[PDB]
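A.B. asks: Quick one: this structure, given as structure tokens, is what I'll be asking you about.
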Amino acid sequence: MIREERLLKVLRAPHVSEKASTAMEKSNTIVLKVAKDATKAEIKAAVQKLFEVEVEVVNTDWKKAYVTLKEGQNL
Amino acid sequence: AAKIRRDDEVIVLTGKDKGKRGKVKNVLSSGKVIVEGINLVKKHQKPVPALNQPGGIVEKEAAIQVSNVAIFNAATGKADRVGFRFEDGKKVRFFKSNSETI
Amino acid sequence: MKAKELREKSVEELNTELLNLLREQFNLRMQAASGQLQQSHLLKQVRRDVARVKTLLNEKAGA
Amino acid sequence: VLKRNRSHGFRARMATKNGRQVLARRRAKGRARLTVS
RNA sequence: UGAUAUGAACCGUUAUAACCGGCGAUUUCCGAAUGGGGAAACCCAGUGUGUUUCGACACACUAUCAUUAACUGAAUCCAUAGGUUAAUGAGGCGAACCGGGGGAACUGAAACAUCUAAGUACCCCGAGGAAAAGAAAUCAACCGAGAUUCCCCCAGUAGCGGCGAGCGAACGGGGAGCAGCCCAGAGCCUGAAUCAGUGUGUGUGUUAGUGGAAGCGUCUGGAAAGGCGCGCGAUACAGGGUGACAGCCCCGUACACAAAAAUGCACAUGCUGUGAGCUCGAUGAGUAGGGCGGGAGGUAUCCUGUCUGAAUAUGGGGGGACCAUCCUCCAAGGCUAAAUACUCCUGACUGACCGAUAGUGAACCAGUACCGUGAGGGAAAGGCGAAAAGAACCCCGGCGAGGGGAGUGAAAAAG
RNA sequence: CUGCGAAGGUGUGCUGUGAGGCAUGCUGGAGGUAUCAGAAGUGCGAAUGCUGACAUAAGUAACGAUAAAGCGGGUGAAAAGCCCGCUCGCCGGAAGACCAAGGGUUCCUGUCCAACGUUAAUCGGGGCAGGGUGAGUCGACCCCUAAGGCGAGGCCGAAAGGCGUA
Numbered sequence: 001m002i003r004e005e006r007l008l009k010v011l012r013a014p015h016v017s018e019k020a021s022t023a024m025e026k027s028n029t030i031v032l033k034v035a036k037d038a039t040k041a042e043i044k045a046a047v048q049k050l051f052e053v054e055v056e057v058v059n060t079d080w081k082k083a084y085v086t087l088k089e090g091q092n093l
Numbered sequence: 001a002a003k004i005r006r007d008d009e010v011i012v013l014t015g016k017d018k019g020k021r022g023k024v025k026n027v028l029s030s031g032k033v034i035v036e037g038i039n040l041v042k043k044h045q046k047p048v049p050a051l052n053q054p055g056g057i058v059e060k061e062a063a064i065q066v067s068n069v070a071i072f073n074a075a076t077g078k079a080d081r082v083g084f085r086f087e088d089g090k091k092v093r094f095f096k097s098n099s100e101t102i
Numbered sequence: 001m002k003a004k005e006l007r008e009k010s011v012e013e014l015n016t017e018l019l020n021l022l023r024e025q026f027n028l029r030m031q032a033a034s035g036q037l038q039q040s041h042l043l044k045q046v047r048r049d050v051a052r053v054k055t056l057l058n059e060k061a062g063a
Numbered sequence: 009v010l011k012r013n014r015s016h017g018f019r020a021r022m023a024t025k026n027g028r029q030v031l032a033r034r035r036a037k038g039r040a041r042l043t044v045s
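Chains as they are written, first to last, in the deposited numbering: chain T, 1 to 60, 79 to 93; chain U, 1 to 102; chain Y, 1 to 63; chain 2, 9 to 45.
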């Protein structure tokens with residue numbers, strides 16, 4: 001099985017910007033860079049495992083994803 | 001295999017301050033050493049708005065050539081050359097002229 | 001530390017390799033990007049550790 | 009762009025031996041841009 | 001913890017820092033690119049197995065040509081061709097020299113174009129690490145010599161050409177080199193020597209190095225390597241960096257020394273394999289001669305399309321032919337050390353060649369900027385100081401540039 | 001010989017018929033030179049000789065609606081054309097806007113700006129940097145079908161190909 005290391009490779013880096021900060025503090029969403037393909041299912045699974053958090057939904079040259087967390091958040 | 005090291009008592013052989021003793025602070029890869037209290041240079045430090053604002057004139061230490069200093073014998077009160085010898089398989093430094101271990 | 005994990009079994013050494021990547025590697029990168037990582041030498045240290053663990057897995061597993 | 013590549017491109021040069029010699033001469037001279045692309 | 005390039009965050013201090021050398025793992029996309037295609041760094045692959053998640057994950061193999069093996073097998077009964085699978089090997093790029101297959105102009109002449117330039121420039125294929133050649137159907141007309149190539153004499157000779165410009169020998173002598181075998185096919189006798197491949201041990205050598213003596217002081221000067229007076233050493237005053245021209249402030253040379261692993265050059269030993277003497281045949285069993293066409297031209301010698309058929313140490317061929325006198329010489333399979341040739345890369349050494357419009361195009365972030373569809377040709381630009389602490393504060397001005405003070409430095413006609 | 005100051009360069013003086021050399025001041029601050037010889041990439045007024053060096057010509061593109069301009073304020077080295085406030089004149093069943101096709105970083109923020117031998121531009125779409133395209137129920141692609149096109153047999157034709165079913 002190679003789903004594991006695939007999840008370790010879809011995330012690339014987090015995006016930092018005033019819109020990103022505003023989204024995090026208001027809507028509890030974190031925006032981060034992802035792989036070129038980085039389908040929503042893979043992004044959701046990767047965030048679950050690596051950050052051990054719960055995500056409401058993910059909506060997505080480079081690709082960025084606005085990962086939405088539930089009420090409980092860590093980082 | 002360097003004669004001058006991090007902590008050594010050395011005496012200047014040549015320059016404007018020949019004869020004054022001192023302790024080496026660090027040695028540069030370019031065959032230069034920094035010894036405090038002899039090679040004072042008045043550097044006009046440009047002010048900066050960063051966390052540090054010393055400005056004014058600073059009294060820094062200017063590096064000198066390794067060959068310009070020698071290890072002080074501390075027993076004969078004069079400069080002396082230093083060589084290497086193997087003892088119990090460990091390389092050590094030793095003076096000349098009644099050579100004794102450091 | 002280089003020989004400390006040289007006598008570890010594959011399962012446990014695979015686990016610490018997992019932990020090295022999950023914690024202290026992903027978290028550090030977020031802190032550095034966000035700017036709260038005062039000390040950067042951790043990124044160098046963790047990356048070398050991951051490489052050191054990874055080579056042992058290949059050296060042990062298979063050949 | 010299309011005509012330029014199809015006339016002096018890498019694949020065009022390698023198709024025939026003389027173009028292959030041209031690439032060899034460029035490599036010997038150590039030109040940064042071996043061909044047009 | 002590469003440099004440009006300061007600082008901060010880290011690692012190391014009685015033996016896992018960095019750097020150098022050797023042995024491994026790993027090595028994506030693009031380029032001989034092997035699954036296909038196209039406009040080189042762009043998209044798209046198939047099959048089988050495991051994957052805690054039955055929407056997955058990861059990796060190997062698979063092109064064409066030649067050889068070998070296995071399965072199937074025509075047209076046209078068997079054979080054979082084609083197709084499938086597995087293993088091995090061949091393919092591309094980068095100097096010089098040499099070999100094989102082909103092939104020019106300009107420069108030359110008072111116009112018989114051929115002869116010279118020229119078996120050259122350039123282009124194509126393969127091998128070696130030197131290549132080709134390399135143990136006489138050869139020289140000498142009966143003194144002798146005995147493999148090939150290159151250099152130095154004979155020799156700008158003897159010859160050859162509208163005997164015009166040009167091109168250009170052998171034999172003999174003097175050196176280096178001076179070590180040759182097997183197959184046209186066998187009877188008898190064998191762990192019989194040497195040589196090869198695969199290992200160990202000893203000696204030596206290559207790819208990081210250690211130890212390593214020896215000048216103190218004074219005058220001018222901001223600063224001393226030189227001057228004056230006074231020593232030691234010399235197997236070492238070879239060179240460069242080293243505040244002004246340094247043996248003895250240092251880094252080094254000569255002499256004496258080192259090997260975990262890998263590799264190269266001599267011996268011995270263990271295993272496997274190839275292999276000596278005493279004798280008997282043959283002298284390449286469709287290999288000539290003659291006939292026809294072309295080149296080196298009516299024509300000596302060499303190579304071959306097709307159609308026949310005897311020999312060869314017994315016998316067959318050559319420059320002053322004569323019982324094809326005599327002597328010498330054996331003609332259509334490979335291999336053949338070394339002398340002779342060549343320098344794109346490393347280390348050491350050499351220098352009356354060169355010193356920034358020089359030398360290679362580049363002493364340098366120059367195989368660049370720039371010009372062109374592409375190929376190709378191909379710039380300008382070297383030096384502040386021992387240490388860049390590089391400029392606090394204040395004045396004019398625009399919170400610049402530039403200029404005028406102060407401070408640092410021996411010097412600011414070094415900013 | 002040599003830091004009480006080398007060579008080169010800039011002046012003066014002496015000597016030889018001519019090429020020059022020796023002795024100095026100033027500038028400059030790091031090595032230089034004679035006699036007896038040898039080795040030649042050694043001396044310059046022109047070869048349309050070669051590269052910079054007194055020179056006669058200055059870096060910012062839209063002159064093609066007979067609906068209408070002017071006054072004020074702010075910024076600027078510049079104001080008949082931009083921004084803000086007060087009016088008039090067109091369109092207003094579109095000279096609005098939202099989709100398909102076509103076009104595919106031009107639309108969103110800070111800037112090369114005291115200007116060569118006297119260059120005097122009314123446009124904040126320019127070259128070089130940073131951001132936005134967020135989806136179960138917007139739509140397409142995924143499933144089935146006609147025409148057109150293609151496609152192992154059969155039907156038409158001595159083969160193949162075409163027509164044609166799955």
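Heads up, the beta-carbon is just placed ideally off N, CA and C, and yes, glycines get one too.
What is the C-beta distance between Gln48 (chain T) and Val58 (chain T), in whole angstroms, given that I count them as a contact (C-beta under 8 Å)?
C.D. replies: The C-beta distance from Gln48 (chain T) to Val58 (chain T) rounds to 11 Å, too long to fall under 8 Å, and the pair is not in contact.
A.B. asks: Using the C-alpha atoms, what's the distance from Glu9 (chain U) back to residue 65 (chain T)?
C.D. replies: Missing from the coordinates: residue 65 (chain T), inside the break in chain T from 60 to 79.
A.B. asks: For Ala41 (chain T), report the span of its alpha helix (DSSP H) as first-last.
C.D. replies: Run containing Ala41 (chain T): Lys40 to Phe51, per the alpha helix (DSSP H) assignment.
A.B. asks: Give the DSSP bridge partners of residue 73 (chain T), in chain order.
C.D. replies: Within the gap of chain T, which runs from 60 to 79, lies residue 73 (chain T), and it has no coordinates in the structure.
A.B. asks: For the stretch 4-19 of chain T against the stretch 31-41 of chain T, do three or more pairs of beta-carbon atoms, one drawn from each stretch, fall closer than 8 Å, so that the two count as touching?
C.D. replies: Under the 8 Å Cβ criterion, the stretch 4-19 of chain T counts as touching the stretch 31-41 of chain T, having at least three qualifying pairs.
A.B. asks: Specify the secondary structure class of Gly27 (chain 2) as computed by DSSP and reduced to three states.
C.D. replies: helix
A.B. asks: Identify the contact partners of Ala33 (chain Y) in chain T, using a Cβ-Cβ distance below 7 Å as the criterion.
C.D. replies: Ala13, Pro14 and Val16
A.B. asks: Report the three-state DSSP secondary structure of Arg6 (chain U) (helix, strand or coil).
C.D. replies: coil
A.B. asks: Between the Cα of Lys20 (chain U) and those of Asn39 (chain U), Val48 (chain U), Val92 (chain U) and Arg85 (chain U), spot the shortest distance and give me the residue it belongs to.
C.D. replies: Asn39 (chain U)
A.B. asks: Starting from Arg93 (chain U), follow its DSSP beta bridges and name the residues at the other end.
C.D. replies: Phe84 (chain U)
A.B. asks: Going straight from the alpha carbon of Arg28 (chain 2) to that of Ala62 (chain U), what length do you get?
C.D. replies: 59 Å
A.B. asks: Taking the alpha carbon of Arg6 (chain U) as the reference point, which residue from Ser99 (chain U), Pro47 (chain U) and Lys32 (chain U) has its own alpha carbon closest?
C.D. replies: The shortest C-alpha to C-alpha distance from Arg6 (chain U) to any of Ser99 (chain U), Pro47 (chain U) and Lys32 (chain U) is the one to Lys32 (chain U).
A.B. asks: Between the Cα of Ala61 (chain Y) and those of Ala33 (chain Y), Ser40 (chain Y) and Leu6 (chain Y), spot the shortest distance and give me the residue it belongs to.
C.D. replies: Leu6 (chain Y)
A.B. asks: Would you say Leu57 (chain Y) reaches chain T, if we count a Cβ-Cβ gap shorter than 8 Å as a contact?
C.D. replies: When Cβ-Cβ separations below 8 Å define contact, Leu57 (chain Y) makes no contact with chain T.
A.B. asks: Count the other C-beta atoms from every protein chain shown that fall within 10 angstroms of the C-beta of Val69 (chain U), then say buried if there are 16 or more, exposed otherwise.
C.D. replies: buried
A.B. asks: By Cβ distance below 6 Å, which residues in the same chain neighbour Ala79 (chain U) in space, the five residues on each side in sequence not counted?
C.D. replies: Cβ neighbours of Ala79 (chain U) beyond the five flanking positions: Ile11 and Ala70.
A.B. asks: What number of angstroms, rounded off, separates the C-alpha of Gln45 (chain U) from the C-alpha of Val66 (chain U)?
C.D. replies: 27 Å
A.B. asks: Once the 5 residues before and after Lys40 (chain T) are set aside, which same chain residues still bring their CB inside 7 Å of it?
C.D. replies: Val58 and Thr60
A.B. asks: Which residue's Cα is closest to the Cα of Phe26 (chain Y): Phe51 (chain T), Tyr84 (chain T) and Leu87 (chain T)?
C.D. replies: From the listed residues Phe51 (chain T), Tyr84 (chain T) and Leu87 (chain T), the smallest Cα separation to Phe26 (chain Y) is found for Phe51 (chain T).
A.B. asks: Would you give the residue range spanned by the beta strand (DSSP E) that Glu56 (chain T) belongs to?
C.D. replies: For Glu56 (chain T), the uninterrupted beta strand (DSSP E) segment begins and ends at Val55 to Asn59.
A.B. asks: Who are the neighbours of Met30 (chain Y) on chain T, taking C-beta pairs under 8 Å?
C.D. replies: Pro14 and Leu93
A.B. asks: Cβ of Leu8 (chain T) less than 8 Å from any chain Y Cβ?
C.D. replies: yes
A.B. asks: Can you find the residues in the same chain that come closer than 8 Å, C-beta to C-beta, to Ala32 (chain Y), ignoring five residues on each side of it along the sequence?
C.D. replies: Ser40 and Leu43
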